file structure-v2.pdb (PDB, C-alpha atoms and all ligand atoms)
MODEL        1
ATOM      1  CA  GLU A2055     103.917  98.385  92.703  1.00  0.00           C
ATOM      2  CA  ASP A2056     101.622  96.105  90.680  1.00  0.00           C
ATOM      3  CA  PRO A2057     101.376  98.086  87.489  1.00  0.00           C
ATOM      4  CA  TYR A2058      99.208  97.879  84.369  1.00  0.00           C
ATOM      5  CA  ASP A2059     101.118  96.636  81.309  1.00  0.00           C
ATOM      6  CA  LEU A2060     100.192  98.615  78.206  1.00  0.00           C
ATOM      7  CA  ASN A2061      99.816  95.615  75.928  1.00  0.00           C
TER
ATOM      8  CA  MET G   5      83.670  84.841  91.237  1.00  0.00           C
ATOM      9  CA  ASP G   6      80.278  86.523  90.942  1.00  0.00           C
ATOM     10  CA  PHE G   7      79.202  90.044  90.165  1.00  0.00           C
ATOM     11  CA  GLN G   8      79.545  91.026  93.793  1.00  0.00           C
ATOM     12  CA  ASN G   9      83.242  90.211  93.590  1.00  0.00           C
ATOM     13  CA  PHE G  10      83.470  92.373  90.491  1.00  0.00           C
ATOM     14  CA  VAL G  11      81.890  95.230  92.421  1.00  0.00           C
ATOM     15  CA  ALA G  12      83.975  94.469  95.494  1.00  0.00           C
ATOM     16  CA  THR G  13      87.154  94.155  93.422  1.00  0.00           C
ATOM     17  CA  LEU G  14      86.375  97.438  91.695  1.00  0.00           C
ATOM     18  CA  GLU G  15      85.394  99.042  95.010  1.00  0.00           C
ATOM     19  CA  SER G  16      88.779  98.083  96.417  1.00  0.00           C
ATOM     20  CA  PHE G  17      90.652 100.240  93.935  1.00  0.00           C
ATOM     21  CA  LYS G  18      89.787 103.074  96.303  1.00  0.00           C
ATOM     22  CA  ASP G  19      92.327 101.831  98.891  1.00  0.00           C
ATOM     23  CA  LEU G  20      95.135 101.920  96.292  1.00  0.00           C
ATOM     24  CA  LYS G  21      97.183 105.141  96.393  1.00  0.00           C
ATOM     25  CA  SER G  22      97.921 104.945  92.640  1.00  0.00           C
ATOM     26  CA  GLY G  23      94.562 103.542  91.561  1.00  0.00           C
ATOM     27  CA  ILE G  24      96.444 100.931  89.505  1.00  0.00           C
ATOM     28  CA  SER G  25      96.679  97.164  90.055  1.00  0.00           C
ATOM     29  CA  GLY G  26      97.359  94.904  87.111  1.00  0.00           C
ATOM     30  CA  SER G  27      96.280  91.765  88.944  1.00  0.00           C
ATOM     31  CA  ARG G  28      92.860  93.201  89.714  1.00  0.00           C
ATOM     32  CA  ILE G  29      92.449  94.606  86.204  1.00  0.00           C
ATOM     33  CA  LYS G  30      93.297  91.086  85.047  1.00  0.00           C
ATOM     34  CA  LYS G  31      90.589  89.763  87.370  1.00  0.00           C
ATOM     35  CA  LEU G  32      88.027  92.232  86.048  1.00  0.00           C
ATOM     36  CA  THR G  33      88.956  91.483  82.428  1.00  0.00           C
ATOM     37  CA  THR G  34      88.834  87.719  82.869  1.00  0.00           C
ATOM     38  CA  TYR G  35      85.451  88.229  84.488  1.00  0.00           C
ATOM     39  CA  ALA G  36      84.411  90.520  81.649  1.00  0.00           C
ATOM     40  CA  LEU G  37      85.341  87.763  79.190  1.00  0.00           C
ATOM     41  CA  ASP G  38      83.245  85.200  81.109  1.00  0.00           C
ATOM     42  CA  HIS G  39      80.173  87.357  81.567  1.00  0.00           C
ATOM     43  CA  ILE G  40      79.452  89.060  78.266  1.00  0.00           C
ATOM     44  CA  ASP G  41      75.865  87.863  78.773  1.00  0.00           C
ATOM     45  CA  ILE G  42      75.759  90.634  81.396  1.00  0.00           C
ATOM     46  CA  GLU G  43      78.089  93.045  79.672  1.00  0.00           C
ATOM     47  CA  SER G  44      75.696  96.016  79.952  1.00  0.00           C
ATOM     48  CA  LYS G  45      76.001  95.861  83.714  1.00  0.00           C
ATOM     49  CA  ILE G  46      79.765  95.500  83.684  1.00  0.00           C
ATOM     50  CA  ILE G  47      80.059  98.363  81.183  1.00  0.00           C
ATOM     51  CA  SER G  48      78.067 101.025  83.009  1.00  0.00           C
ATOM     52  CA  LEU G  49      79.817 100.050  86.213  1.00  0.00           C
ATOM     53  CA  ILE G  50      83.279 100.628  84.706  1.00  0.00           C
ATOM     54  CA  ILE G  51      81.859 103.690  82.893  1.00  0.00           C
ATOM     55  CA  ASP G  52      80.460 105.097  86.109  1.00  0.00           C
ATOM     56  CA  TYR G  53      83.589 104.269  88.050  1.00  0.00           C
ATOM     57  CA  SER G  54      85.614 106.546  85.783  1.00  0.00           C
ATOM     58  CA  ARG G  55      83.090 109.377  86.309  1.00  0.00           C
ATOM     59  CA  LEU G  56      83.171 109.038  90.119  1.00  0.00           C
ATOM     60  CA  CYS G  57      86.624 107.906  91.271  1.00  0.00           C
ATOM     61  CA  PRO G  58      89.135 110.367  92.761  1.00  0.00           C
ATOM     62  CA  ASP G  59      91.395 112.538  90.604  1.00  0.00           C
ATOM     63  CA  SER G  60      94.671 110.598  90.930  1.00  0.00           C
ATOM     64  CA  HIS G  61      92.781 107.403  89.993  1.00  0.00           C
ATOM     65  CA  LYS G  62      91.369 108.528  86.649  1.00  0.00           C
ATOM     66  CA  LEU G  63      94.208 106.964  84.661  1.00  0.00           C
ATOM     67  CA  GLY G  64      93.529 103.554  86.193  1.00  0.00           C
ATOM     68  CA  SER G  65      89.845 103.949  85.412  1.00  0.00           C
ATOM     69  CA  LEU G  66      90.907 104.377  81.788  1.00  0.00           C
ATOM     70  CA  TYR G  67      93.300 101.427  82.206  1.00  0.00           C
ATOM     71  CA  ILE G  68      90.356  99.231  83.204  1.00  0.00           C
ATOM     72  CA  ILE G  69      88.452 100.430  80.142  1.00  0.00           C
ATOM     73  CA  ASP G  70      91.497  99.802  77.988  1.00  0.00           C
ATOM     74  CA  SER G  71      91.879  96.270  79.372  1.00  0.00           C
ATOM     75  CA  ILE G  72      88.246  95.173  78.970  1.00  0.00           C
ATOM     76  CA  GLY G  73      87.779  97.267  75.859  1.00  0.00           C
ATOM     77  CA  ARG G  74      90.717  95.714  74.056  1.00  0.00           C
ATOM     78  CA  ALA G  75      89.816  92.167  75.071  1.00  0.00           C
ATOM     79  CA  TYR G  76      86.260  92.626  73.858  1.00  0.00           C
ATOM     80  CA  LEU G  77      87.754  94.171  70.738  1.00  0.00           C
ATOM     81  CA  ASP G  78      89.966  91.097  70.262  1.00  0.00           C
ATOM     82  CA  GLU G  79      86.851  88.918  70.358  1.00  0.00           C
ATOM     83  CA  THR G  80      84.925  90.738  67.608  1.00  0.00           C
ATOM     84  CA  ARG G  81      87.846  90.296  65.240  1.00  0.00           C
ATOM     85  CA  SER G  82      88.194  86.610  66.085  1.00  0.00           C
ATOM     86  CA  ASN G  83      84.420  86.201  65.775  1.00  0.00           C
ATOM     87  CA  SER G  84      83.440  88.725  63.058  1.00  0.00           C
ATOM     88  CA  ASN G  85      80.465  90.237  64.874  1.00  0.00           C
ATOM     89  CA  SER G  86      79.315  93.875  64.746  1.00  0.00           C
ATOM     90  CA  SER G  87      76.184  93.534  66.754  1.00  0.00           C
ATOM     91  CA  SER G  88      76.560  97.070  67.918  1.00  0.00           C
ATOM     92  CA  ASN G  89      72.841  96.926  68.329  1.00  0.00           C
ATOM     93  CA  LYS G  90      72.425  93.737  70.398  1.00  0.00           C
ATOM     94  CA  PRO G  91      72.726  93.675  74.070  1.00  0.00           C
ATOM     95  CA  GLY G  92      74.889  90.980  75.581  1.00  0.00           C
ATOM     96  CA  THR G  93      77.558  91.286  72.885  1.00  0.00           C
ATOM     97  CA  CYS G  94      81.126  92.549  72.756  1.00  0.00           C
ATOM     98  CA  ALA G  95      80.208  94.766  69.829  1.00  0.00           C
ATOM     99  CA  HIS G  96      77.536  96.481  71.953  1.00  0.00           C
ATOM    100  CA  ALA G  97      79.881  97.056  74.907  1.00  0.00           C
ATOM    101  CA  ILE G  98      82.509  98.839  72.814  1.00  0.00           C
ATOM    102  CA  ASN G  99      79.764 100.835  71.170  1.00  0.00           C
ATOM    103  CA  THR G 100      78.598 101.789  74.677  1.00  0.00           C
ATOM    104  CA  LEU G 101      82.071 102.775  75.856  1.00  0.00           C
ATOM    105  CA  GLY G 102      82.568 104.810  72.682  1.00  0.00           C
ATOM    106  CA  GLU G 103      79.458 106.982  73.088  1.00  0.00           C
ATOM    107  CA  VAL G 104      80.899 108.273  76.419  1.00  0.00           C
ATOM    108  CA  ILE G 105      84.677 108.080  75.913  1.00  0.00           C
ATOM    109  CA  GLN G 106      85.190 111.757  75.095  1.00  0.00           C
ATOM    110  CA  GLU G 107      83.403 112.956  78.234  1.00  0.00           C
ATOM    111  CA  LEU G 108      85.529 110.470  80.159  1.00  0.00           C
ATOM    112  CA  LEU G 109      88.749 111.650  78.479  1.00  0.00           C
ATOM    113  CA  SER G 110      88.137 115.382  78.844  1.00  0.00           C
ATOM    114  CA  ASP G 111      87.499 114.770  82.576  1.00  0.00           C
ATOM    115  CA  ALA G 112      90.428 112.373  83.069  1.00  0.00           C
ATOM    116  CA  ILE G 113      92.961 114.602  81.340  1.00  0.00           C
ATOM    117  CA  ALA G 114      91.527 117.631  83.136  1.00  0.00           C
ATOM    118  CA  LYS G 115      91.885 116.208  86.657  1.00  0.00           C
ATOM    119  CA  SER G 116      95.236 114.484  86.233  1.00  0.00           C
ATOM    120  CA  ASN G 117      98.663 115.880  86.968  1.00  0.00           C
ATOM    121  CA  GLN G 118     101.388 116.192  84.318  1.00  0.00           C
ATOM    122  CA  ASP G 119     102.651 112.647  84.925  1.00  0.00           C
ATOM    123  CA  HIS G 120      99.208 111.074  84.483  1.00  0.00           C
ATOM    124  CA  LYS G 121      98.337 113.460  81.639  1.00  0.00           C
ATOM    125  CA  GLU G 122     101.300 111.942  79.797  1.00  0.00           C
ATOM    126  CA  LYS G 123     100.135 108.354  80.318  1.00  0.00           C
ATOM    127  CA  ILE G 124      96.723 109.283  78.973  1.00  0.00           C
ATOM    128  CA  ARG G 125      98.502 110.396  75.781  1.00  0.00           C
ATOM    129  CA  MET G 126     100.097 106.951  75.563  1.00  0.00           C
ATOM    130  CA  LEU G 127      96.600 105.500  75.879  1.00  0.00           C
ATOM    131  CA  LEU G 128      95.295 107.706  73.062  1.00  0.00           C
ATOM    132  CA  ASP G 129      98.078 106.302  70.847  1.00  0.00           C
ATOM    133  CA  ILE G 130      97.285 102.619  71.433  1.00  0.00           C
ATOM    134  CA  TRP G 131      93.563 103.205  70.928  1.00  0.00           C
ATOM    135  CA  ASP G 132      94.327 105.170  67.779  1.00  0.00           C
ATOM    136  CA  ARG G 133      96.331 102.248  66.489  1.00  0.00           C
ATOM    137  CA  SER G 134      94.121  99.413  67.774  1.00  0.00           C
ATOM    138  CA  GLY G 135      90.916 100.835  66.385  1.00  0.00           C
ATOM    139  CA  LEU G 136      89.189 100.495  69.777  1.00  0.00           C
ATOM    140  CA  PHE G 137      87.315 103.816  69.516  1.00  0.00           C
ATOM    141  CA  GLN G 138      86.345 105.960  66.522  1.00  0.00           C
ATOM    142  CA  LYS G 139      89.386 107.917  65.470  1.00  0.00           C
ATOM    143  CA  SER G 140      87.351 111.116  65.083  1.00  0.00           C
ATOM    144  CA  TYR G 141      86.474 110.983  68.786  1.00  0.00           C
ATOM    145  CA  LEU G 142      90.106 110.598  69.835  1.00  0.00           C
ATOM    146  CA  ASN G 143      91.140 113.382  67.406  1.00  0.00           C
ATOM    147  CA  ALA G 144      88.774 115.858  69.026  1.00  0.00           C
ATOM    148  CA  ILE G 145      90.476 114.933  72.269  1.00  0.00           C
ATOM    149  CA  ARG G 146      94.009 115.112  70.915  1.00  0.00           C
ATOM    150  CA  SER G 147      93.322 118.419  69.142  1.00  0.00           C
ATOM    151  CA  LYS G 148      92.291 120.147  72.382  1.00  0.00           C
ATOM    152  CA  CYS G 149      94.598 118.540  74.985  1.00  0.00           C
ATOM    153  CA  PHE G 150      97.691 116.982  73.254  1.00  0.00           C
ATOM    154  CA  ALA G 151      99.082 119.304  70.603  1.00  0.00           C
TER
HETATM  155 CL    CL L2101      82.314  88.692  69.497  1.00  0.00          CL
ENDMDL
END
call {"tool": "encode", "arguments": {"input": "structure-v2.pdb", "output": "structure tokens", "more": "lines below"}}
Ligand SMILES: [Cl-]
result
Amino acid sequence: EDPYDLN
Amino acid sequence: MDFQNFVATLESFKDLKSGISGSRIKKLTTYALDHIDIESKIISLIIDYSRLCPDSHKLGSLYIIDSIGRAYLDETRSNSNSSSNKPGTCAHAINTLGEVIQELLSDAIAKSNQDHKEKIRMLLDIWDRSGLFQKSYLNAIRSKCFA
């Protein structure tokens, strides 16, 4: 899983 | 990388079960930072993608908006521009995303499951704190879906 970092 | 790779990159999110890929959002965003001269084209594409993608993907559509939106927003504060009226500017792009963000949010929250509905709430918090979109717009959203 290549996720989106909320930053 | 040219606009066709932006389209192709964005078209490829359809083969992702989650609809989320940080590398590709980082590709789009880097591209968005190098092609503000054609931001109007980039913007309606990512605006339209959120309207048309499948239901489980709507969070990632809003992730792409968050990623490009908050990098364009970081430019206007480093550059002190509010050209909300001038095409080809970061100020204009955010103004464009803002005029449609509620319709995008009502639809994204509506068509998500409880898990993704939660993560949209997290997004509303960051935008509320970043100043990305007008707080009144997010409040209308929060008052009807998250409360
Ligand atoms: Cl700017």
call {"tool": "resolve_selection", "arguments": {"input": "structure-v2.pdb", "expression": "the PyMOL selection byres ((chain G) within 10 of (chain A))", "output": "mmCIF file with C-alpha atoms, in the coordinates of the input"}}
result
data_model
loop_
_atom_site.group_PDB
_atom_site.id
_atom_site.type_symbol
_atom_site.label_atom_id
_atom_site.label_comp_id
_atom_site.auth_asym_id
_atom_site.auth_seq_id
_atom_site.Cartn_x
_atom_site.Cartn_y
_atom_site.Cartn_z
ATOM 1 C CA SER G 22 97.921 104.945 92.640
ATOM 2 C CA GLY G 23 94.562 103.542 91.561
ATOM 3 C CA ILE G 24 96.444 100.931 89.505
ATOM 4 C CA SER G 25 96.679 97.164 90.055
ATOM 5 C CA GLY G 26 97.359 94.904 87.111
ATOM 6 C CA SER G 27 96.280 91.765 88.944
ATOM 7 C CA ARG G 28 92.860 93.201 89.714
ATOM 8 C CA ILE G 29 92.449 94.606 86.204
ATOM 9 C CA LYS G 30 93.297 91.086 85.047
ATOM 10 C CA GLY G 64 93.529 103.554 86.193
ATOM 11 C CA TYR G 67 93.300 101.427 82.206
ATOM 12 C CA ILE G 68 90.356 99.231 83.204
ATOM 13 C CA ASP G 70 91.497 99.802 77.988
ATOM 14 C CA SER G 71 91.879 96.270 79.372
ATOM 15 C CA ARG G 74 90.717 95.714 74.056
ATOM 16 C CA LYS G 123 100.135 108.354 80.318
ATOM 17 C CA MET G 126 100.097 106.951 75.563
ATOM 18 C CA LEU G 127 96.600 105.500 75.879
ATOM 19 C CA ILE G 130 97.285 102.619 71.433
#
call {"tool": "residues_around", "arguments": {"input": "structure-v2.pdb", "residues": "residue 106 in chain G", "least_positions_apart": "3", "cutoff": "8 Å", "atoms": "only C-alpha atoms", "output": "JSON, numbers by chain"}}
result
{"G": [102, 103, 109, 110, 141, 142, 145]}
call {"tool": "resolve_selection", "arguments": {"input": "structure-v2.pdb", "expression": "the PyMOL selection byres (((not hetatm)) within 10 of (chain L and resi 2101))", "output": "list in words"}}
result
residues 40, 75, 76, 77, 78, 79, 80, 81, 82, 83, 84, 85, 86, 87, 92, 93, 94, 95 and 96 of chain G
call {"tool": "residues_around", "arguments": {"input": "structure-v2.pdb", "residues": "residue 44 in chain G", "least_positions_apart": "3", "cutoff": "8 Å", "atoms": "all atoms listed in the file", "output": "ChimeraX atom specification"}}
result
/G:47-48,91-92,97
call {"tool": "write_last_selection", "arguments": {"input": "structure-v2.pdb", "atoms": "C-alpha atoms", "output": "mmCIF file, keeping the file's coordinate frame"}}
result
data_model
loop_
_atom_site.group_PDB
_atom_site.id
_atom_site.type_symbol
_atom_site.label_atom_id
_atom_site.label_comp_id
_atom_site.auth_asym_id
_atom_site.auth_seq_id
_atom_site.Cartn_x
_atom_site.Cartn_y
_atom_site.Cartn_z
ATOM 1 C CA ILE G 47 80.059 98.363 81.183
ATOM 2 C CA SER G 48 78.067 101.025 83.009
ATOM 3 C CA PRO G 91 72.726 93.675 74.070
ATOM 4 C CA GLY G 92 74.889 90.980 75.581
ATOM 5 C CA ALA G 97 79.881 97.056 74.907
#
call {"tool": "atom_distance", "arguments": {"input": "structure-v2.pdb", "atom1": "CA of residue 89 in chain G", "atom2": "CA of residue 124 in chain G"}}
result
28.9 Å
call {"tool": "atom_distance", "arguments": {"input": "structure-v2.pdb", "atom1": "CA of residue 36 in chain G", "atom2": "CA of residue 72 in chain G"}}
result
6.6 Å
call {"tool": "residues_around", "arguments": {"input": "structure-v2.pdb", "residues": "residue 10 in chain G", "least_positions_apart": "4", "cutoff": "7 Å", "atoms": "all atoms listed in the file", "output": "mmCIF file with C-alpha atoms, in the coordinates of the input"}}
result
data_model
loop_
_atom_site.group_PDB
_atom_site.id
_atom_site.type_symbol
_atom_site.label_atom_id
_atom_site.label_comp_id
_atom_site.auth_asym_id
_atom_site.auth_seq_id
_atom_site.Cartn_x
_atom_site.Cartn_y
_atom_site.Cartn_z
ATOM 1 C CA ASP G 6 80.278 86.523 90.942
ATOM 2 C CA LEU G 14 86.375 97.438 91.695
ATOM 3 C CA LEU G 32 88.027 92.232 86.048
#
call {"tool": "atom_distance", "arguments": {"input": "structure-v2.pdb", "atom1": "CA of residue 136 in chain G", "atom2": "CA of residue 88 in chain G"}}
result
13.2 Å
call {"tool": "residues_around", "arguments": {"input": "structure-v2.pdb", "residues": "range 115-120 of chain G", "least_positions_apart": "5", "cutoff": "8 Å", "atoms": "only C-alpha atoms", "output": "number ranges by chain"}}
result
G: 59-60, 62-63
call {"tool": "build_atoms", "arguments": {"input": "structure-v2.pdb", "residues": "chain A", "atoms": "N, CA and C atoms", "output": "PDB file, in the frame of the given file"}}
result
ATOM      1  N   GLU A2055     104.817  97.849  93.725  1.00  0.00           N
ATOM      2  CA  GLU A2055     103.917  98.385  92.703  1.00  0.00           C
ATOM      3  C   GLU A2055     103.499  97.325  91.678  1.00  0.00           C
ATOM      4  N   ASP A2056     102.207  96.980  91.686  1.00  0.00           N
ATOM      5  CA  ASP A2056     101.622  96.105  90.680  1.00  0.00           C
ATOM      6  C   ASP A2056     101.065  96.976  89.573  1.00  0.00           C
ATOM      7  N   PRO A2057     101.755  97.087  88.480  1.00  0.00           N
ATOM      8  CA  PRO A2057     101.376  98.086  87.489  1.00  0.00           C
ATOM      9  C   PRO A2057     100.568  97.466  86.370  1.00  0.00           C
ATOM     10  N   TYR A2058      99.960  98.314  85.539  1.00  0.00           N
ATOM     11  CA  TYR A2058      99.208  97.879  84.369  1.00  0.00           C
ATOM     12  C   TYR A2058     100.138  97.912  83.159  1.00  0.00           C
ATOM     13  N   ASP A2059     100.279  96.762  82.493  1.00  0.00           N
ATOM     14  CA  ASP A2059     101.118  96.636  81.309  1.00  0.00           C
ATOM     15  C   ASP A2059     100.337  97.069  80.082  1.00  0.00           C
ATOM     16  N   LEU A2060     100.911  97.991  79.313  1.00  0.00           N
ATOM     17  CA  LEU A2060     100.192  98.615  78.206  1.00  0.00           C
ATOM     18  C   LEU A2060     100.389  97.747  76.965  1.00  0.00           C
ATOM     19  N   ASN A2061      99.750  96.578  77.013  1.00  0.00           N
ATOM     20  CA  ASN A2061      99.816  95.615  75.928  1.00  0.00           C
ATOM     21  C   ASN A2061      98.652  94.636  75.959  1.00  0.00           C
TER      22      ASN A2061
END
